[PDB]
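Okay, structure first, notes after.
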Amino acid sequence: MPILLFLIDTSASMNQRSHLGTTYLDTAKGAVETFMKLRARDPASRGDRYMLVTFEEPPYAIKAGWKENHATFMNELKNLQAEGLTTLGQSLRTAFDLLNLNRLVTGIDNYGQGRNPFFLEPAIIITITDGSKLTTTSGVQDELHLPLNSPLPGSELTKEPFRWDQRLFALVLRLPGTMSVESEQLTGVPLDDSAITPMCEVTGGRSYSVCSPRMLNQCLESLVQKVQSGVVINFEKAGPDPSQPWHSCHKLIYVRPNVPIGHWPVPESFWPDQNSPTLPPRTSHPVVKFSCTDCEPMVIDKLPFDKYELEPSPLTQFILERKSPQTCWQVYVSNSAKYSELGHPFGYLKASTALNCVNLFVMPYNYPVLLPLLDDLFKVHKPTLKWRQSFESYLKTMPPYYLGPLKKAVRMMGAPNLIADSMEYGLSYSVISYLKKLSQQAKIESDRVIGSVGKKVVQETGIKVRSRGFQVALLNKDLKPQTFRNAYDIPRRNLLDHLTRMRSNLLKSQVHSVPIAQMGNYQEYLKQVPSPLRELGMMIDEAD
Amino acid sequence: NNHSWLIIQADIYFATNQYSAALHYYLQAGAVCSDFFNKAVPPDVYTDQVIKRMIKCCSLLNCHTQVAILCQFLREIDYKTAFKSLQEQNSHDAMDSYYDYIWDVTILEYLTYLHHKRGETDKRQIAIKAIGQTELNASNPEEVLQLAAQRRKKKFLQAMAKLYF
Ligand SMILES: [Mn+2]
């Protein structure tokens with residue numbers, strides 16, 4: 001269930017002509033057309049909803065939100081006008097607000113109950129802009145800043161507008177006015193050096209310094225290849241390997257469905273307690289610290305193991321360089337233990353024996369002290385009281401949010417009456433009431449935003465004449481002139497002939513200005529026509 | 001024809017708030033250095049202090065688009081005063097006739113936003129047509145951009161010389 005939000009720059013700097021003779025906005029719309037042409041090639045991409053956001057003011061910024069059909073998205077894209085400032089930060093904030101609007105009401109973001117890779121709403125934001133400096137009414141901002149004046153309810157719990165399953169990509173159109181190609185374009189796509197690049201990088205995406213139409217096609221093709229479902233992980237390196245690029249990496253870990261399934265959440269970066277009125281703000285990308293140490297990938301039976309294939313990354317390049325398919329590297333998260341800060345290993349990165357991919361294997365919170373114990377229980381068959389006190393000892397080194405899924409898993413193995421069946425949730429009632437309040441407010445503001453996306457409000461047509469109040473009207477097309485009903489609409493030069501026409505028309509004895517889209521519709525025209533008696537290079541040229 | 005003394009006379013008038021006369025003598029000094037603005041004016045004459053004084057002289061005479069043109073003479077283009085001046089509506093200069101002397105795309109982006117917000121669509125079309133110019137593309141090769149800036153600089157300073165001499 002992907003989402004494709006397009007953050008089309010509509011600043012007036014997008015009116016710069018390229019050597020093609022078309023403005024940057026024209027190539028931006030064309031790049032969107034090319035993107036959906038390429039995306040529609042994949043037959044698993046059929047189910048996909050596009051959104052549209054521009055750089056306009058907040059009531060007019062969004063032009064295709066939720067529950068807007070693809071035809072409206074197309075019509076809104078075609079009719080965009082580059083007439084604003086480069087309010088890129090405000091547009092990014094409203095783009096992320098659009099995506100994270102429904103997260104609280106449906107509770108995909110489980111706050112304090114662990115981070116679930118299997119509970120996600122995948123989406124990517126593609127912002128097609130130019131390299132021109134940011135602009136506001138005050139001046140040039142010269143650095144991408146995201147406004148925080150009117151936070152969405154629940155925005156304090158993530159600390160960053162961009163979410164786990166959201167990535168930002170940029171198409172910074174650098175097409176020059178004069179034809180200046182060379183063999184430099186034959187190389188790979190470069191990165192940009194503008195203000196959108198760092199925010200693109202921290203979201204797990206990247207920018208695309210496009211300077212030619214052929215490299216525009218390359219950038220769009222790579223972008224189609226990067227529309228994938230999954231979550232991003234801020235991988236961090238812990239300990240020495242046997243500057244390096246694996247020390248800090250935001251990489252995607254794909255999620256495969258068959259409604260994706262999964263059982264073990266990623267641990268939170270706090271120890272839950274029942275006496276905290278407010279929940280800590282978890283980071284958007286959960287830092288995981290992998291120990292650069294050889295370790296064994298031991299596996300037991302009848303228990304949920306979740307495989308998450310990584311994106312090809314310098315982490316995978318490191319794994320293939322040190323090809324050790326039959327061992328594993330432990331991964332843990334800080335601030336996930338009451339009695340420790342280093343945490344405990346909850347997962348491991350094991351390279352596939354064929355060395356085709358590196359897959360994350362998320363396990364319970366401290367798996368080397370559960371898997372032998374549970375495997376001993378399942379191979380020793382009653383339980384022993386020594387096993388019972390060992391199980392309780394595990395629960396002392398175990399955060400509460402794993403208890404529910406662990407009990408669910410243990411029920412699945414065929415022993416519901418095990419020790420973990422007591423059940424709880426281990427979080428403050430104040431937190432739960434705050435969560436219900438957040439759900440209610442998220443639902444209400446969701447309704448408000450979805451209503452506002454249709455843009456039932458309109459702009460005025462005044463000038464506000466000064467006294468160097470009263471205003472002179474502006475011209476308004478498609479205002480439905482009432483020439484046959486109003487004599488004031490008649491031009492003086494066209495008065496006598498119009499008079500004759502409407503004189504005849506009043507007696508017993510404008511039209512043909514249909515929009516071009518519904519002009520060659522022969523299916524529609526024949527549908528509204530009676531049936532006759534039944535019988536006894538390029539792309540299209542109409543009527544097939 | 002001593003540009004140092006001409007700058008001194010311009011500053012003498014500038015301190016006494018004779019802004020038209022101050023502009024007169026600043027342009028006279030510039031026309032001494034560059035041969036009636038046929039060459040680039042040396043940076044040691046039209047320093048950023050001198051250009052900022054010229055900016056103040058133009059602003060105090062309500063020639064606000066002329067302030068917008070002079071704002072891109074500076075080594076670091078001063079968008080704050082340029083945008084502040086273009087918000088003004090009591091202009092005593094040709095306004096839309098000066099949009100051919102703006103080579104900065106950011107200034108024209110702001111002009112298009114202003115004329116769209118304020119409802120003057122025809123001036124907005126003039127600004128959009130100015131942005132939609134091949135030589136104005138900010139992604140052009142560098143030598144093209146200095147050439148566009150230099151020719152617009154020469155034409156603008158010659159127009160100011162005609163107006164102020
Ligand atoms: Mn035809």
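Please note that chains go A, B, ... in the order of the structure tokens, that every chain numbers its residues from 1, and that ligands are numbered from 1 in the order shown.
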Please provide the set of residues having any atom within 7 Å of residue 3 of chain A, restricted to only C-alpha atoms, with same-chain residues fewer than 2 positions apart removed, written as a PDB file with N, CA, C and O atoms, in the first residue's frame.
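Printed below is around19.pdb as written:
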ATOM      1  N   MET A   1       0.816  -1.211   0.000  1.00  0.00           N
ATOM      2  CA  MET A   1       0.000   0.000   0.000  1.00  0.00           C
ATOM      3  C   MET A   1       0.857   1.270   0.000  1.00  0.00           C
ATOM      4  O   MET A   1       0.864   2.008   0.984  1.00  0.00           O
ATOM      5  N   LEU A   5       4.001  10.944  -2.516  1.00  0.00           N
ATOM      6  CA  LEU A   5       3.729  12.361  -2.361  1.00  0.00           C
ATOM      7  C   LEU A   5       4.730  13.145  -3.189  1.00  0.00           C
ATOM      8  O   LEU A   5       5.939  12.933  -3.073  1.00  0.00           O
ATOM      9  N   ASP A  48      -1.656   1.825  -5.666  1.00  0.00           N
ATOM     10  CA  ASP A  48      -0.757   2.909  -5.284  1.00  0.00           C
ATOM     11  C   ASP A  48      -1.485   4.245  -5.343  1.00  0.00           C
ATOM     12  O   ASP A  48      -2.148   4.555  -6.337  1.00  0.00           O
ATOM     13  N   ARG A  49      -1.362   5.049  -4.293  1.00  0.00           N
ATOM     14  CA  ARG A  49      -2.036   6.336  -4.225  1.00  0.00           C
ATOM     15  C   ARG A  49      -1.018   7.465  -4.257  1.00  0.00           C
ATOM     16  O   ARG A  49      -0.064   7.474  -3.473  1.00  0.00           O
ATOM     17  N   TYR A  50      -1.222   8.401  -5.173  1.00  0.00           N
ATOM     18  CA  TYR A  50      -0.366   9.562  -5.315  1.00  0.00           C
ATOM     19  C   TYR A  50      -0.974  10.736  -4.567  1.00  0.00           C
ATOM     20  O   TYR A  50      -2.196  10.885  -4.496  1.00  0.00           O
ATOM     21  N   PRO A 122       3.993   2.839   4.273  1.00  0.00           N
ATOM     22  CA  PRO A 122       5.110   3.279   3.428  1.00  0.00           C
ATOM     23  C   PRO A 122       4.726   4.448   2.539  1.00  0.00           C
ATOM     24  O   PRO A 122       3.599   4.542   2.050  1.00  0.00           O
ATOM     25  N   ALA A 123       5.694   5.330   2.325  1.00  0.00           N
ATOM     26  CA  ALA A 123       5.521   6.543   1.547  1.00  0.00           C
ATOM     27  C   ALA A 123       6.895   7.112   1.264  1.00  0.00           C
ATOM     28  O   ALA A 123       7.820   6.941   2.060  1.00  0.00           O
ATOM     29  N   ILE A 124       7.022   7.789   0.129  1.00  0.00           N
ATOM     30  CA  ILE A 124       8.205   8.583  -0.157  1.00  0.00           C
ATOM     31  C   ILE A 124       7.756   9.937  -0.677  1.00  0.00           C
ATOM     32  O   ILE A 124       6.765  10.043  -1.408  1.00  0.00           O
TER      33      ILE A 124
END
Item to check | Environment of ligand 1 within 9 Å, counting only C-alpha atoms and all ligand atoms, reported as a list in words | outcome: residues 520, 540, 541, 542, 543 and 544 of chain A
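Minimum distance to chain B across A:107, A:153, A:176, A:114 (counting only C-alpha atoms) occurs at A:176.
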Item to check | residue 61 of chain B environment, 8 Å, only C-alpha atoms, sequence neighbours closer than 2 positions dropped, as JSON, numbers by chain | outcome: {"B": [19, 20, 57, 58, 59, 63, 92]}
Checklist entry - For chain A against chain B, which residues fall within 6 Å using only C-alpha atoms, given as a ChimeraX atom specification? => result /A:12-13,15-17,83-84,139,174,176-177
Item to check | Length of the atom CA of residue 54 of chain A to atom CA of residue 451 of chain A vector [Å] | outcome: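 Going from atom CA of residue 54 of chain A over to atom CA of residue 451 of chain A covers 17.6 Å.
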Next on the checklist: Quick check for you: according to DSSP on this backbone, which residues of chain B are classed as alpha helix (DSSP H)? Reply as number ranges by chain.
Outcome noted: B: 3-15, 19-33, 48-60, 64-70, 79-86, 105-117, 121-131, 142-164
Item to check | residue 55 of chain B environment, 12 Å, only C-alpha atoms, sequence neighbours closer than 3 positions dropped, as a PyMOL selection string | outcome: chain B and resi 14+19-20+22-23+26+46+48-52+58-74+78+81-82+85
Checklist entry - Could you pull out all residues of segment 231-295 of chain A with a DSSP call of strand (DSSP E or B) and give them as a VMD selection string? => result chain A and resid 231 to 238 248 to 254 257 260 266 288 to 291 295
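You can rank B:7, B:15, B:77, B:159 by their closest distance to residue 140 of chain A using only C-alpha atoms, and at the top of that list sits B:77.
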Applying 8 Å and only C-alpha atoms, which residues near residue 294 of chain A remain after dropping the ones on its own chain fewer than 3 positions away? List them as an mmCIF file with C-alpha atoms, in the first residue's frame.
data_model
loop_
_atom_site.group_PDB
_atom_site.id
_atom_site.type_symbol
_atom_site.label_atom_id
_atom_site.label_comp_id
_atom_site.auth_asym_id
_atom_site.auth_seq_id
_atom_site.Cartn_x
_atom_site.Cartn_y
_atom_site.Cartn_z
ATOM 1 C CA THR A 327 28.735 -16.307 11.667
ATOM 2 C CA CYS A 328 26.786 -13.266 12.840
ATOM 3 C CA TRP A 329 27.225 -9.807 14.337
#
Item to check | Given only C-alpha atoms as the counted atoms, nearest of A:450, A:414, A:214, A:46 to residue 64 of chain A | outcome: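 Closest to residue 64 of chain A of all the choices is A:450.
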Item to check | Long-range neighbours of segment 236-240 of chain A as a list in words, 6 Å cut-off, only C-alpha atoms, 5 positions minimum in chain | outcome: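 My list of contacting residues is residues 247, 248, 288, 289, 290, 291 and 292 of chain A.
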Expected file: the selected residues, N, CA, C and O atoms, as a PDB file, in the first residue's frame:
ATOM      1  N   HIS A 247      30.234   3.253   9.939  1.00  0.00           N
ATOM      2  CA  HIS A 247      30.084   3.777  11.292  1.00  0.00           C
ATOM      3  C   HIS A 247      28.716   4.408  11.514  1.00  0.00           C
ATOM      4  O   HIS A 247      28.167   4.317  12.617  1.00  0.00           O
ATOM      5  N   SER A 248      28.152   5.048  10.492  1.00  0.00           N
ATOM      6  CA  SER A 248      26.819   5.630  10.596  1.00  0.00           C
ATOM      7  C   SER A 248      26.114   5.489   9.257  1.00  0.00           C
ATOM      8  O   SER A 248      26.551   6.074   8.262  1.00  0.00           O
ATOM      9  N   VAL A 288      20.610   1.546  16.280  1.00  0.00           N
ATOM     10  CA  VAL A 288      21.022   0.212  16.694  1.00  0.00           C
ATOM     11  C   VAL A 288      22.541   0.159  16.605  1.00  0.00           C
ATOM     12  O   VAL A 288      23.138   0.668  15.647  1.00  0.00           O
ATOM     13  N   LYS A 289      23.166  -0.337  17.659  1.00  0.00           N
ATOM     14  CA  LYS A 289      24.617  -0.394  17.749  1.00  0.00           C
ATOM     15  C   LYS A 289      25.050  -1.839  17.566  1.00  0.00           C
ATOM     16  O   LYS A 289      24.813  -2.678  18.440  1.00  0.00           O
ATOM     17  N   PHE A 290      25.680  -2.130  16.433  1.00  0.00           N
ATOM     18  CA  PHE A 290      26.176  -3.470  16.170  1.00  0.00           C
ATOM     19  C   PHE A 290      27.606  -3.605  16.673  1.00  0.00           C
ATOM     20  O   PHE A 290      28.436  -2.714  16.469  1.00  0.00           O
ATOM     21  N   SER A 291      27.870  -4.698  17.381  1.00  0.00           N
ATOM     22  CA  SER A 291      29.208  -4.975  17.877  1.00  0.00           C
ATOM     23  C   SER A 291      30.020  -5.654  16.785  1.00  0.00           C
ATOM     24  O   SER A 291      29.596  -6.669  16.223  1.00  0.00           O
ATOM     25  N   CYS A 292      31.190  -5.092  16.484  1.00  0.00           N
ATOM     26  CA  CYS A 292      32.064  -5.623  15.439  1.00  0.00           C
ATOM     27  C   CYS A 292      32.839  -6.827  15.977  1.00  0.00           C
ATOM     28  O   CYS A 292      34.061  -6.815  16.140  1.00  0.00           O
TER      29      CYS A 292
END
Can you pull out the residues contacting segment 425-442 of chain A? Cut-off 6 Å, using only C-alpha atoms, and skip same-chain residues under 5 positions away; I want them as a tab-separated table (two decimals) with N, CA, C and O atoms, in the first residue's frame.
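Writing the result to result16.tsv gives the following:
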chain	number	residue	atom	x	y	z
A	104	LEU	N	-1.87	8.50	14.25
A	104	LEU	CA	-2.27	8.34	15.64
A	104	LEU	C	-3.62	7.65	15.76
A	104	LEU	O	-3.82	6.83	16.66
A	105	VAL	N	-4.57	8.00	14.89
A	105	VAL	CA	-5.91	7.45	14.98
A	105	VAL	C	-5.90	5.94	14.73
A	105	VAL	O	-6.57	5.18	15.43
A	273	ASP	N	8.02	2.85	32.79
A	273	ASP	CA	7.64	2.90	34.19
A	273	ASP	C	6.20	3.39	34.29
A	273	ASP	O	5.68	4.05	33.39
A	274	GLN	N	5.56	3.07	35.41
A	274	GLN	CA	4.16	3.41	35.62
A	274	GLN	C	3.97	4.75	36.33
A	274	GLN	O	2.84	5.11	36.64
A	277	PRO	N	4.33	10.76	34.00
A	277	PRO	CA	3.18	11.42	33.35
A	277	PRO	C	3.35	11.64	31.86
A	277	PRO	O	2.34	11.64	31.13
A	400	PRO	N	8.67	-4.36	29.45
A	400	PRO	CA	7.29	-4.88	29.42
A	400	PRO	C	6.70	-5.13	28.04
A	400	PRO	O	5.91	-6.05	27.89
